[PDB]
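Peer 1: Protein chains in written order, with full-length UniProt numbering: chain A, 1 to 133; chain B, 1 to 133; chain C, 1 to 133; chain D, 89 to 887. Before we start, here is the structure in question, set down as C-alpha cells.
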Amino acid sequence: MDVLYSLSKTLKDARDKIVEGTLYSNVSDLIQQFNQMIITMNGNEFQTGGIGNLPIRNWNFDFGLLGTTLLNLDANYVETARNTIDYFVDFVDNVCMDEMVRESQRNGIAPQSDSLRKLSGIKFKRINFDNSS
Amino acid sequence: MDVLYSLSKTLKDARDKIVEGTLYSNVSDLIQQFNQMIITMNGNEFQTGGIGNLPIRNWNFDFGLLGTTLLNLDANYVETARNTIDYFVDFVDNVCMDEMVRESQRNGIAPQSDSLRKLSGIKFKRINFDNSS
Amino acid sequence: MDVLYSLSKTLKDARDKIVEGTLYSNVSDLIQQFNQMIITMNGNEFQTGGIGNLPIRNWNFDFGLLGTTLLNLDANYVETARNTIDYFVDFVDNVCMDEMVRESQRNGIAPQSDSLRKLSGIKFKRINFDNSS
Amino acid sequence: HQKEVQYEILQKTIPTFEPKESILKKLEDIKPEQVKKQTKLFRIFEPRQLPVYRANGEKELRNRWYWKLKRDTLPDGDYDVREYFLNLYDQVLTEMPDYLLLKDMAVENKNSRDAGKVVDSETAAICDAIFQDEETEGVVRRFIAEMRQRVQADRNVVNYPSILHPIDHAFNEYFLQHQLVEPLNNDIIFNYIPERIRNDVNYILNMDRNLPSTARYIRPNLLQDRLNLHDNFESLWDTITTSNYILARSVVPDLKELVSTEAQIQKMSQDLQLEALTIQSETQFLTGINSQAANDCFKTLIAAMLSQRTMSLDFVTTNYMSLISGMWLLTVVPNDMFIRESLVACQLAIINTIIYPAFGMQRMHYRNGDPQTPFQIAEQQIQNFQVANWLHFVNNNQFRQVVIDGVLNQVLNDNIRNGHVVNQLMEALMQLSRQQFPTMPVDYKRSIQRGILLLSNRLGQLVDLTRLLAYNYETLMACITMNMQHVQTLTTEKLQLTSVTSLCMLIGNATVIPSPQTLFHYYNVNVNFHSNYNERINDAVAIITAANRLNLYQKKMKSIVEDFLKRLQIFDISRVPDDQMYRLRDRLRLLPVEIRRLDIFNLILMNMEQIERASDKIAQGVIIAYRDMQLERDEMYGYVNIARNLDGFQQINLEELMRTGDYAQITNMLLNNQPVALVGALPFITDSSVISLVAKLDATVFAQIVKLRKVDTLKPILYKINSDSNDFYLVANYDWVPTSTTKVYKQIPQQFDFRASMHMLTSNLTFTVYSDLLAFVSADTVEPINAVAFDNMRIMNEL
Numbered sequence: 001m002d003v004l005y006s007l008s009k010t011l012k013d014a015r016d017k018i019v020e021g022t023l024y025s026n027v028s029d030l031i032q033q034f035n036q037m038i039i040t041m042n043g044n045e046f047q048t049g050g051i052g053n054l055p056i057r058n059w060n061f062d063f064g065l066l067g068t069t070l071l072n073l074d075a076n077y078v079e080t081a082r083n084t085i086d087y088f089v090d091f092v093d094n095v096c097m098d099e100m101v102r103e104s105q106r107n108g109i110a111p112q113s114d115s116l117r118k119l120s121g122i123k124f125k126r127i128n129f130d131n132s133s
Numbered sequence: 001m002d003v004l005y006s007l008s009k010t011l012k013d014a015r016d017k018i019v020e021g022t023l024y025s026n027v028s029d030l031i032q033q034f035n036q037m038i039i040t041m042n043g044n045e046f047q048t049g050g051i052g053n054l055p056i057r058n059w060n061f062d063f064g065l066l067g068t069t070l071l072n073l074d075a076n077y078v079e080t081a082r083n084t085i086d087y088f089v090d091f092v093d094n095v096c097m098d099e100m101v102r103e104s105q106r107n108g109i110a111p112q113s114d115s116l117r118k119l120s121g122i123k124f125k126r127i128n129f130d131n132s133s
Numbered sequence: 001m002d003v004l005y006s007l008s009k010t011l012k013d014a015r016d017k018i019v020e021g022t023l024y025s026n027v028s029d030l031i032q033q034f035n036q037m038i039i040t041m042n043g044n045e046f047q048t049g050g051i052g053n054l055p056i057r058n059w060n061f062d063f064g065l066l067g068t069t070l071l072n073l074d075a076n077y078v079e080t081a082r083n084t085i086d087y088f089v090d091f092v093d094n095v096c097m098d099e100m101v102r103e104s105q106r107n108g109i110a111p112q113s114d115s116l117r118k119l120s121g122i123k124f125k126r127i128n129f130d131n132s133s
Numbered sequence: 089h090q091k092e093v094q095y096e097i098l099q100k101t102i103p104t105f106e107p108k109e110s111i112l113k114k115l116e117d118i119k120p121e122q123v124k125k126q127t128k129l130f131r132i133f134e135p136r137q138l139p140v141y142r143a144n145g146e147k148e149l150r151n152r153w154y155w156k157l158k159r160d161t162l163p164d165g166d167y168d169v170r171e172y173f174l175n176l177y178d179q180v181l182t183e184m185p186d187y188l189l190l191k192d193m194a195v196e197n198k199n200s201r202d203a204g205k206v207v208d209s210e211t212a213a214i215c216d217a218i219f220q221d222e223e224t225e226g227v228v229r230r231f232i233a234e235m236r237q238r239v240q241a242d243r244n245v246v247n248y249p250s251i252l253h254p255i256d257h258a259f260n261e262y263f264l265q266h267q268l269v270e271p272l273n274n275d276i277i278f279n280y281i282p283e284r285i286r287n288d289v290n291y292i293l294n295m296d297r298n299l300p301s302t303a304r305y306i307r308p309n310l311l312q313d314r315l316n317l318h319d320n321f322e323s324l325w326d327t328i329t330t331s332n333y334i335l336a337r338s339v340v341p342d343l344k345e346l347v348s349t350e351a352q353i354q355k356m357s358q359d360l361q362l363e364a365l366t367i368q369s370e371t372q373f374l375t376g377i378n379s380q381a382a383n384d385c386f387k388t389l390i391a392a393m394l395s396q397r398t399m400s401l402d403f404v405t406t407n408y409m410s411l412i413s414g415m416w417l418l419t420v421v422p423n424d425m426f427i428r429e430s431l432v433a434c435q436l437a438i439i440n441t442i443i444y445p446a447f448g449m450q451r452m453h454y455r456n457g458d459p460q461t462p463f464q465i466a467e468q469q470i471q472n473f474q475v476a477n478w479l480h481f482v483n484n485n486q487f488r489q490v491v492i493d494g495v496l497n498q499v500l501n502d503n504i505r506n507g508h509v510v511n512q513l514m515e516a517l518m519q520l521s522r523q524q525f526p527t528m529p530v531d532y533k534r535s536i537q538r539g540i541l542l543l544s545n546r547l548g549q550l551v552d553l554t555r556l557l558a559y560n561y562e563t564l565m566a567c568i569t570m571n572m573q574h575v576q577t578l579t580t581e582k583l584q585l586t587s588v589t590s591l592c593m594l595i596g597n598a599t600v601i602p603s604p605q606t607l608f609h610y611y612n613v614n615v616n617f618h619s620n621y622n623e624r625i626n627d628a629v630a631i632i633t634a635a636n637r638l639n640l641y642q643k644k645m646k647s648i649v650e651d652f653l654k655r656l657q658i659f660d661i662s663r664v665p666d667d668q669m670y671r672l673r674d675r676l677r678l679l680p681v682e683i684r685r686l687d688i689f690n691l692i693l694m695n696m697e698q699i700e701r702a703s704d705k706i707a708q709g710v711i712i713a714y715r716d717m718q719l720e721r722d723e724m725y726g727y728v729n730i731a732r733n734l735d736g737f738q739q740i741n742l743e744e745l746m747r748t749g750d751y752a753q754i755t756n757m758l759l760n761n762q763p764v765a766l767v768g769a770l771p772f773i774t775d776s777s778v779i780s781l782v783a784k785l786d787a788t789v790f791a792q793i794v795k796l797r798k799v800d801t802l803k804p805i806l807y808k809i810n811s812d813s814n815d816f817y818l819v820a821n822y823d824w825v826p827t828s829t830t831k832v833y834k835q836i837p838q839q840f841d842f843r844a845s846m847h848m849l850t851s852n853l854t855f856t857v858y859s860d861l862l863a864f865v866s867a868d869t870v871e872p873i874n875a876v877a878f879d880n881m882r883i884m885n886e887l
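Below is the structure:
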C-alpha cells in the first residue's frame, strides 16, 4: 500500500513538476526519486485484472532513466518523461482498480491483488517515499 | 496561464518559507526559482489594462537577486525579500484581475489581457515550475 | 506561535517522509531541519502547567542527531527517528493543550503558557521554517 | 609461453599496478583531506578611480570610483567565456577554505580614532583611499574613523568591518557560514574507535588527553559506494580487491613460536613412509612445509577474507597430504571465497582420492557446470554420519552478510569462530582412518591413513588455529569502513595447499593478535581511502554537472573520469577498458552534486553575467543598424556608440554561427544591408578619433565575416569621443550630431557605494583543528597468553 502510494505520489509529482522551462533544481530530488522508481520497477512483470469485466493487463517495465544534466528542462526531456509517466500512471490506475474490487473475510486489510502482493516485497521497499496524505 | 500560476506559486512559497531564522536549506530551491523569476522578468515592461474602472497600471522590473550564502535567514534577508515580493504580488494580482474581467467568443481559453499574452511568450517559459493545484 | 507551528510541521514532515527504504535525497533538507530542531531544543527544560485538570508535565530534551550518511533509509534509521518524533509530538501536543486552555483580556494574542512564552525567545527562532498553513 | 600470452592479454585490461606490493605505499600515502585556511578574503572586484566626462564630452576635474575586475582575463567567444567560468569554479573549489579565523587577516585601520581594525589589508587600502578622497561624504568619513571591530573572547567570536563587492561578499560569507570544522571532544574520539574494538576485552582504551573547547576536527566523508563499483566493473573491482588484499596482508600479524620445522618434517616423513612407496614424486611431497609458508598462508587467508578477493587453489593431486590439509581449509574458509573451478577441483580430488575410496564407493564422475559441488553430491551419497555431517557443514559454510555501524560485513559461522567445527572435521577424518579402502594397495592405504592421523592428532592445535584466524579476521574487519562486497574477481590469489599444510602442521599455541597501533593504522588507512574516494567522486560529479549546466558541449568527460581514477591512487588508467570508463561516466552523471560545491556553482552561475559584463576587453555584442543613430552620451566615454540592449533587432548567435558553419543568413543580411545584432563575447577596438567616426570605419568590420566564413576575427569599433581626443574640436566647433551605423552591446561599470560594500564579517576568535583522532587514544593490549575470543574463552587453550 505504501509502495503503491509512493508510485502514485511520484507520478503526480512528475506530472506537476516536470514541465518545459523549469529549473532542474526544482525537480532534482524528484528526478532522483523517479530514477530510483524506474530502476526498482525495471525487469519486473505484473498482471492486473481477472475479476468481473476488468481486463487482464500485462505490464513490462523497460525504461531509461531521466537525465540530470540540464539547467532548465526542455521539450525532449519533457516528452521522454511524459511517455514514461503515462505508462506508469496507467499501471498504477490498473493496480488500484484491481485492488479496489477484491475483498477478504480473514485478512481484508492485507493486499488482495497479486500486483500489490508483489509490490509488498522488500525489493520494492526502495520506492517508498513521502507519505503525507 | 502556466507562467502566471508559476509566478503566483513562487510568491506564495516566498511568503510562506522566507521567514526569519529558517535554515537556507529549507528555501534553497525556492530561492533559486525566485532568482530565476527575477532574471526572466527583469527588463520587461508590462501594462494592466483600463477595462472598466480598473486603472491602467505600468510595471517595470529592475530587481536584484536574493542572497544564497547564509546558514539561516535573518531580518535583513526577510525585509529585502519582502520588498520584492510585495511588488511582484501586486503585479500578479493586477494581471489576474485584468484577465478575470475579459472574455472572448472565438477563443475564450486563450489569454485575453496583453500582460498574459506577453507572459505566454517563450522567453518567460523559464518561470514555469511545479503545477500542483 | 511560529516556533510551535514549525515544531509541529517538522514533526509531521518527519512522520510522513522518514520511511524505511526512502532515498536520503528525499529527506536531506528535512533531516537538516530536524537536526537543527534537536540542537535548539536540546538542554532546555519545559513545563506544561496544571491549569484545571491538565496534569503538570516536565519535558527534558537530550536527543542525538539523526544520521546523514545513508543512501536509502533503513529500519534502524526509522526507529531512531521515530522515538524522538514520538517524544517531540507528545511535547508539542501538551504545549498546544496548555496554550488552548488559557486567555487574557490585555494581550490575548500573546502567548499565555510558560512553554510557549519560552519558545518565543530568540534562541528558538532558528527552528522556524515553512509557514504554509 | 602461450599461457603467459593469454594471461598478459587478460591482465592488460586490469588497471592494477604490476608490482602488487608497491600498491601498499600508494595506499598508505593517501592523507586526510588537506585542511585549507583562508589567508585573505576572496575578491574578484576592486574599486578603481576612473575619469568621467560631462554630457558635452569634456573630462571632469574629479575621478569616480567604480568596481573593476582585479584580473580582467576573460576570453572572446561565448563558449570560451563559459570555459573560463568553469575554470573559475574549479579554482574556487580548490582554494575554498575549510575554516576561517578573521583575526589573522585583521589589520590596523589608519584613520580609526578608537583603535579600530579591519579585514583584510585590501579593505584597509580601500578605506584609506575613500577617507582621503575629497568627494567622500562627511558621514562616510566619520564612519570610517569610528567603525569598530568587536572581539568577544568569552564567546569565541570576532566581528570585523570589511569592504567587499556583493559577489565577493557572497563568496566570503558562504565560506564563513559553511565551515567544515566541528567541535571536538573525547566522546567524539571514543565513538570514532570502531565499536567492536571498544567492546573487545583484549584491548584497553584510555583517554589520557584533555581536549579544550577550542578543539576542532573535520569529519571524514564515509559515505558508502555511490558508484556500486562491485557491480559491472570487473577490472576496477579486481584492482580494488587487490589493493585491499595487499593492505590486509600488511596488517595481518606474524605467527610466533611455531613447531620446529625439523621435528615436524621428520614426524611426517616417518608417518607417511614415502620412500617405501613407488610415488614418482618422493621429494616433492614435503616441499613447501616451513614456517615461511605457514606465515604466508595465515596472511593470505585473512587478507583474502578481509578484502573479499577470490582465491585459487594450487595443489598436486598425488600429494594427498595437501588434500588432507585442504579438508581443514574448506572446513574453516567459506567455500565462496574460492573460484568455483578451484573449489570443484580440490573437492573432487578429495572425493576421488580419499573419501570415496575410503568407503569403497565408485569414483565420482563429476560434470563441470553442475549446480552441485562434488561435496554436495557426496553429502547425499555418503551414509556415515561423521563424514556426511562434516560435508554438510563444508557445503553450507558460506559467508553471512550483516550490517554493523552501517558497513556491510562478511561474517563467519559461529562454529568457525569458536573452532568447535574442527572437532567435527577430526571426527570425519578419524572415520577415514578406520576405513578399509577395499581395493587400495595396503602400503598406499597405510600412508593415506597415517597422513589423515597426522592431521587428526593436531585437533587442539587446529581448534586453536581456527579460533586465532577467526579472531584476527573479526578484529581487522572491525577496521573496515567500506561495504565488504563479495564478487568473483577476474584474477585470484593463488593459495598453495602446501602452505596450508605448513600452517596446519606448524602452528603452536602462541596467540598473536593485531597490535592496537596496527588496528588504528589499518582503520586510518581505510578511512583515508574511503574519504578520498568520496571526495573525488564529489569533485568529478561537481565538474561534470558544471560542464553540463554551463553548456560546455565540447568538454570530454573522459578526461574528468581519468583524473578521478588517477586521484584514487590505485588505478593504472592505461589499462581501464573503455566500456568501463563510459559506464563510470554515466554513473557519475546520475549522482547528485554535493551541497557545498553545488552552492558555489549556483553563486558562480548567478554572478556569471555580471562578472562577464564587467570585463573591459569583451563586449556582449554588436548591432549593425544601417540607419544613422546618435552616439549616446555616457559619463565613462563621452560620446559612445553603446547599445543598452538588443531590442528591435534580429539576433544572430555568433557561437551557433561558428558551430554550424552555415553563413548563408548572415551573408544574405550583410549583402542586403539588413539590420541585425550579432550576439556573443566579442573583442572591440576603442577608437578615440572623430575622423574615424566621420570615415564610418565601424561599418567596415563585417565583410571579413563573409570573406573568411569566420567570426573569431570580428572586432567591432567602439567610439570613445571626449575632450582627450586629438580631434574633439570637430565635435566642439561644429553644429552636427555624431552618429554611427553600428552600436556595441556593452554595459557600464557599477559605481562604488560605501553603504552597499561595508559589511561585518563574523568568525571565531581561534581554534585548533586536529586530524589524527586516534592519536588521542592510549591503546594497550593484554598479554597474548590471556587473550580471549568472543565467547570469553582464551583464543588458544592448548597452552
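Each residue gets a CB set at the ideal place from its N, CA and C atoms; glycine is no exception.
#1: Do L11/A and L119/A have their CB atoms nearer than 8 Å?
#2: What residues are listed by DSSP as bridge partners for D823/D?
#3: From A634/D to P680/D, what distance separates their C-alpha atoms?
#4: I'd like the list of long-range same chain contacts for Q47/C, defined as Cβ closer than 8 Å, with 5 residues on each side in sequence excluded.
#5: Check distances from the C-beta atoms of the stretch 115 to 131 of chain B to those of chain A and list, in chain order, the residues that come in under 7 Å.
#6: Report the CB separation of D775/D from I805/D in whole angstroms; it is logged as a contact under 8 Å.
#7: If you draw a straight line from the alpha carbon of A194/D to that of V245/D, how long is it in whole angstroms?
#8: Could you work out which residues of chain C lie near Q312/D, taking near to mean beta carbons separated by less than 7 Å?
#9: Grab the span of the alpha helix (DSSP H) containing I779/D for me, first residue to last.
#10: For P103/D, count neighbouring Cβ atoms within 10 angstroms of its own Cβ and tell me buried if that reaches 16, exposed if not.
#11: Please report how far the alpha carbon of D2/C lies from the alpha carbon of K123/C, in whole angstroms.
#12: Since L578/D meets chain A, which of its residues come closer than 7 Å, beta carbon to beta carbon?
#13: What are the start and end residues of the alpha helix (DSSP H) that includes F842/D?
#14: Leaving out five residues before and five after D74/B in sequence, what residues of the same chain have Cβ atoms less than 8 Å from its Cβ?
#15: Rank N506/D, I442/D, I492/D and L517/D by C-alpha distance to the C-alpha of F473/D and give the top, closest one.
#16: Is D160/D buried or exposed, if buried means 16 or more other CB atoms sit within 10 Å of its CB?
#17: With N294/D as the anchor, note down where its beta strand (DSSP E) starts and where it stops.
#18: At a Cβ threshold of 8 Å, is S25/B touching chain C?
#19: For chain C, check one thing: does any of its Cβ atoms lie closer than 8 Å to the Cβ of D16/A?
#20: Distance, Cα to Cα, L389/D vs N72/A?
#21: Kindly list, in the order they appear in chain B, the residues whose Cβ is closer than 7 Å to that of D29/C.
#22: Taking CB distances under 8 Å as the criterion, tell me whether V89/C reaches chain A.
#23: How would you call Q471/D, buried or exposed, if buried means at least 16 neighbouring beta carbons within 10 angstroms?
Peer 2: Quick answer:
#1: no
#2: Bridge partners of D823/D: none, in fact.
#3: 12 Å
#4: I56, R57, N58, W59, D114 and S115
#5: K125, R126, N128, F129, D130 and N131
#6: 5 Å
#7: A194/D and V245/D have their C-alpha atoms roughly 13 Å apart.
#8: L71
#9: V778 to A783
#10: buried
#11: 13 Å
#12: Ordered by position in chain A, no residue passes the 7 Å Cβ test against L578/D, which lies about 25 Å from the chain.
#13: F842 to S845
#14: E20 and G21
#15: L517/D
#16: Counting Cβ neighbours within 10 Å, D160/D comes out exposed, since fewer than 16 surround it.
#17: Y291 to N294
#18: yes
#19: Chain C, which has no Cβ nearer than 8 Å to the Cβ of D16/A, makes this no.
#20: 54 Å
#21: Neighbours of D29/C across chain B, judged by C-beta separation under 7 Å: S25 and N26.
#22: no
#23: exposed
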